């Protein structure tokens, strides 16, 4: 699907419901609603739209990726803690044959604890953006626009 014909699915993993409420040095002071607005504006500049969601549930994220597979033009995902533990989310992303996928981490996971160094999502994501703050979601949208083009 193109940007004109279907929304970009923007998915957020566990604990990102609290974004902006603490740890500004690591995660910044923008809320998840602030991130949604950034994505909406970036996508509008390419004539597309976004379907922005957040869950603390691994299986719900799996269900949402299956929905994106059929109805969306691409996926921008910040898997949060599930990046490091979820083979199930990797496997769900592997069912999206041909769909542009971009993984985003607000923080630079490579400077953090060793358990954050590996991401199962990175094995499938086309592109991976880390440590570029909430600006990394706008890079994600930009990349999806380039790949759907």
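Residue numbers count along the first chain shown, from 1. Each form is matched to the other, and the largest set of C-alpha atoms that superpose within 1.5 Å is called the rigid core.
- Root-mean-square C-alpha deviation from the shown form, taken over all structures in 5 other deposited structures of this protein superposed by the rigid core, is larger for 23 to 31 than for the alternative among 112 to 120 and 23 to 31.
- As listed in the deposited structure, the average C-alpha B-factor of 28 to 36 and of 58 to 66 is greater for 28 to 36.
- Look at the mean CA B-factor for 77 to 85 and for 91 to 99 in the entry; the higher one is 91 to 99.
- Across 44, 121, 104, 109, the greatest Cα temperature factor reported in the deposited entry is at 44.
- The entry lists a Cα temperature factor for residue 127 that places it in the middle third of the chain's modelled residues.
- Sort the modelled residues of the chain by CA B factor and residue 133 lands in the middle third.
- Sort the modelled residues of the chain by CA B factor and residue 12 lands in the lowest third.
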